[PDB]
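2 protein chains.
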Amino acid sequence: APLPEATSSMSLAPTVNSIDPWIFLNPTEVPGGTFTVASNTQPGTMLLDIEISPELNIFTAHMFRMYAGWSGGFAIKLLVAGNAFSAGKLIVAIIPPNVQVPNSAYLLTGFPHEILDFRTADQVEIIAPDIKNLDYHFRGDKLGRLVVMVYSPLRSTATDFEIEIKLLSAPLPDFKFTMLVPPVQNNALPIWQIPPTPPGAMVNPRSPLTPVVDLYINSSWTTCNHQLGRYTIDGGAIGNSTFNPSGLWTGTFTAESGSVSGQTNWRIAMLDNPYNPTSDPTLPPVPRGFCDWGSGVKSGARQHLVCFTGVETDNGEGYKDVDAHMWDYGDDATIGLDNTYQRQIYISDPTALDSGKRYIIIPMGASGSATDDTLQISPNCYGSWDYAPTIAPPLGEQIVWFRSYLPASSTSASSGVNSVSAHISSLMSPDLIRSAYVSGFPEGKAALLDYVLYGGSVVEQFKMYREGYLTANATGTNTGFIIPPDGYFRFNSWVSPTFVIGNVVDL
Amino acid sequence: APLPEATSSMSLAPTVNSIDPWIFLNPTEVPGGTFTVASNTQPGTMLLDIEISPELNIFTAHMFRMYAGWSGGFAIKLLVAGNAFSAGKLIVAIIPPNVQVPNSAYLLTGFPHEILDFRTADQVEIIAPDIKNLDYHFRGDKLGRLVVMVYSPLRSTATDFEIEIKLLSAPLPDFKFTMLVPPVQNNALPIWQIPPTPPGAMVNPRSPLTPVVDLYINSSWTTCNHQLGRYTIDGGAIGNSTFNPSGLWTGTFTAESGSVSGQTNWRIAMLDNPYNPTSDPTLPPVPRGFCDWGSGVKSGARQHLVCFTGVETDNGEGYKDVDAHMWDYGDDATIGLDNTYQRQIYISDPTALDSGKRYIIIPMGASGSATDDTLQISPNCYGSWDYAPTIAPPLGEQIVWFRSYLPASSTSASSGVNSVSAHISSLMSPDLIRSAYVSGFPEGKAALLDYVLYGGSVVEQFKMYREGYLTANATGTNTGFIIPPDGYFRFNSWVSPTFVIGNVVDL
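Chains as they are written, first to last, in the deposited numbering: chain B, 20 to 526; chain A, 20 to 526.
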């Protein structure tokens, strides 16, 4: 116990409550309180920054949804799962509120601290008190976090094996709830119910009309710059993504009676944005949910084909004469507009284009000599509208990409088209992420979940972060390992973002 | 009151547990315990047959997820909300387990009973004891049901309005739980969290690529015969529907090198169903998720088009010459195939087709004199495979139809297509019913929910059944009523399947 506890009289808190006496005796595991230390962790790194609250125990985190006030501290105990060769030192400190958490062991030592080495080979325990200046906290600024750091690295003498540390907790004899008036449904939960929906029955946000066939992981793609399928728990649909990919796939554009220099057949046109009529820089330029496939930096050689496009029927009741055509962003000449994700596009057609008449487009397919690597990169966007930033996983981890097979739609005609089959991948399907809104993630925590195959004979483990991407550790270098979709995700636990997956990919 | 309860010393249950002391004092509402009485109820009908269990108080329903055993009775109160003109009497009794309950109010006054008038405007109460014979219940048979009936009919014709009856429950001071060991997630939930997504941002199961435009209620469509978009709470996706309509919208078939008698341009063809390789009678004939729009009993003028169709490149690497064409089921001659929703189809094209050659079709649109009325009906289903049954709303109610607008895609050629713009309706979008799987419906109960428009200045009320179709009362006849899709569904309560909604819709 590095710091004394408060009495928590609760004199002026009406209708104080008494909880089950058996909870104080049977300690459970803290939800977000497991982590690991490896041989290559940087000294002075923050492994755990959980805060004192009623969410440090399975029972009081589920019972807390009925009340609106609490006051009391916890008594936690460390399970180390140590070794016989390693040697290092940990550090645990209590941080009072209204205090910028120090990000250096030098400064962290100036706090109620206790230093534990790895050669203790036992299970110590520490008391976490609640620093309150009020009679009892309701649900607000519940600081008093429990930062845990690495004072000295573990240079193991022999095998460089890892250490997994977890925490068990139990309320102090002075922990009480107050004012059970709020019935239900206020805050987070200790569990997450993932329905057993196979990925083979999920929609692909970046390419509808094509079912997901496999899960694809590739070593060369170490970053993502997509603008469709970007979902976050905190922000919902972020960037230009939406929750109905199928509904918003078809688009409409208007001609402008012109052509770019060099090639006259590239009729210029402008896209229509009902959401942002005026070209205000603070809103997305293109209509929401429209394609963002990449085609190259600047090369007329290949050009994704718009496939089905149609002319106005002069009646206002639809369109006419759907034909297979090819399109592209920008002009393939200007460096500042070749790949910018903007309104102006060009469509290749030998015949003249109806000026001032709108057309319907259903983009599906790519033409030229384009490969999956060309399509994987997305045209970068510049401007003022809040767009999805580029994402890179931590070192030693990959990304699961929900790849799907895109057939070819060519023609034998005068102009022709060299469209070829390919594969298109998306960051995360909306079906999986949509479920985790009833019971949101605990703050600054990732979810460790399992993917089982056959009758459970082979189980892989994935870690899902806050922004919605899954890592799967590494086994070696390959052209992209393929996982069948004949399985269901199963929730396993909550882990820190720095957790290292135990099970490896196994080829 | 008329029957004492048992003490239940509970010697054989280890670790008996205590609950909050303020729960016994504040009575909450029993979840599935509201109903209505009118002047047209058939005599001798059970208006309520609820079962004694900890699921009568939202607080003990939330508490019970942590324990494994319960023991104790409740104290129930009735709210009648009558008038000063209604004249009749109700009756509520308690039935011990394993006893044949009669269906007459004359014999029903032998059990411990209570008789309350309709115009009381008070809070009558009855103590419901636990008629247990074992040490303590353990998620097993509890019966002790709480049947409610009508003693003397309300003989009045001047008023003719509905009476709404609700119950409030509170645990007796001897209620207690045992064995807190089970952490969480054991049984159902009493509350439903519906995410605030307007129907305009939902996928239409019967017609993807077209967003929902309005909510449609028509006074002439009194039945549903669809096979797509039909879901149930317990049965998941019933019929030939699926939770990913966009991924299964594209279809394929093979030509048979033939023509129907009379018309030469009608090439006979057969759809391939990978999910049913053999012609097993107990499996659906057509592939899952394929189109099922109706066309007419027998008509060679109202034929809906297949729109995009194409042939493979003779290499299995793509498709070629995808153009707009027309199709239909069967042969328009035989009584067993004219509209029977089976593998064989016929496609209209002047040139004959090469046998054993694969073709791809993406159906969208209807040509000829086909209207929305013809599209609403579906081809009949024959055989022994499990198909979705017919649905008819209870008398005095209509159905909300999730209507979307299907444009026309014509062409100017020698043959051409005369397609017109139409509308397509589906019973239930998958997104709305996806939420109600984590917290399923209670036994034999429907859900009453609110549809809020603008900022809450206008609210409608809908009732959702376990079969997946919404009903919205009625006032009179109309040829198509439109509700804007710019609003979100909000859960209100649980009601009996014969509950009469409050608000009227005025045509």
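No residue lacks a Cβ here, since even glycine has one placed at the ideal position from N, Cα and C.
Proximal chain B residues relative to residue i, where beta-carbon distance stays under 9 angstroms
i	result
A/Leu199	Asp39, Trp41, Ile42, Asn45, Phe78
A/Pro227	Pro227, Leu228, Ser265, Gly266, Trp268
A/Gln204	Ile210, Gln212
Closer than 7 angstroms at the beta carbon, the chain A residues around residue i
i	result
B/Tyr456	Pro214
B/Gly329	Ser428
7 angstroms CB neighbourhood of residue i in its chain, flanking five on each side removed
i	result
B/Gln119	none
A/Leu208	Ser458
A/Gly506	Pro217, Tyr470, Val471, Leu472
A/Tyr406	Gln246, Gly258, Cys400
B/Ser90	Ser27, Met29, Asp149, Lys151, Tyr155, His156, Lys195
B/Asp179	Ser58
A/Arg377	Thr271, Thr273, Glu331
Whether residue i touches residue j by CB criterion (9 angstroms)
i	j	result
B/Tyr155	B/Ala256	no
B/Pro115	B/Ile150	yes
B/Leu526	B/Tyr488	no
A/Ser367	A/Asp347	yes
A/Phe54	A/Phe518	yes
B/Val419	B/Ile236	yes
A/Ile182	A/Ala112	no
A/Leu97	B/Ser265	no
A/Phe262	B/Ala220	yes
A/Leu425	A/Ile443	yes
B/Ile146	B/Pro21	yes
A/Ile95	A/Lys161	no
A/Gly415	A/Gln480	no
B/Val316	B/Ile381	no
A/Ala87	A/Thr197	yes
B/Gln322	B/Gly387	yes
B/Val231	B/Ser448	yes
B/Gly463	B/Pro516	yes
A/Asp392	A/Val279	no
Partners in chain A for residue i, counting only beta-carbon separations shorter than 8 angstroms
i	result
B/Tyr294	Under the 8 angstroms cutoff, chain A gives no residues; its nearest Cβ is about 12 angstroms from B/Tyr294.
B/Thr332	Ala427, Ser429
B/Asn36	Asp39, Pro40, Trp41
Cβ separation of residue i and residue j, assumed to be a contact under 8 angstroms, to the nearest whole Å
i	j	result
A/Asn358	A/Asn399	6 angstroms
B/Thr328	B/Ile379	7 angstroms
B/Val167	B/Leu126	About 15 angstroms separates the two Cβ atoms, so there is no contact after all.
B/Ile69	B/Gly92	Not really, about 14 angstroms apart at Cβ, beyond 8 angstroms.
A/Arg422	A/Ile213	In fact, because the Cβ distance is near 21 angstroms, the residues do not count as touching under 8 angstroms.
Close Cβ partners of residue i (< 6 angstroms) along its chain, the five nearest in sequence each way excluded
i	result
A/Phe78	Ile42
B/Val49	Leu75, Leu186, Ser188
A/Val478	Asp469, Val471
B/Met85	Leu199
B/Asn205	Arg84
A/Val341	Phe327, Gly329
B/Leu234	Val419, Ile502
A/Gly384	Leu324, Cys326, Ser428, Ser438
Close-in-space but distant-in-sequence residues of the same chain around residue i (CB under 8 angstroms, 5 per side omitted)
i	result
A/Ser123	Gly63
residue 574 of chain A	What the structure shows of chain A is the stretch from 20 to 526, and residue 574 of chain A is not part of that stretch, so it cannot be assessed.
B/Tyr456	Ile252
B/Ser298	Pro304, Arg362
B/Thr498	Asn237
A/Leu267	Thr261, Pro306, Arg307, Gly308, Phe309
Amino acids of chain A, ordered along the chain, whose beta-carbon sits closer than 9 angstroms to that of residue i
i	result
B/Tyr338	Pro426, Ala427, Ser428, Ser429
B/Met85	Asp39, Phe78, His81, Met82
Residues that residue i contacts on chain B, provided the C-beta gap is smaller than 7 angstroms
i	result
A/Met221	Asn263
A/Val341	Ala343, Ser428
Contact set between residue i and chain B, taken where Cβ atoms lie within less than 8 angstroms
i	result
A/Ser440	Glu336, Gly337
* Is it a yes or a no for the segment 30-45 of chain A touching the segment 164-172 of chain A, going by three-plus beta-carbon pairs under 8 angstroms? -> no
* Is the segment 277-292 of chain B touching the segment 239-253 of chain B, taking contact as three or more C-beta pairs under 8 angstroms? -> no
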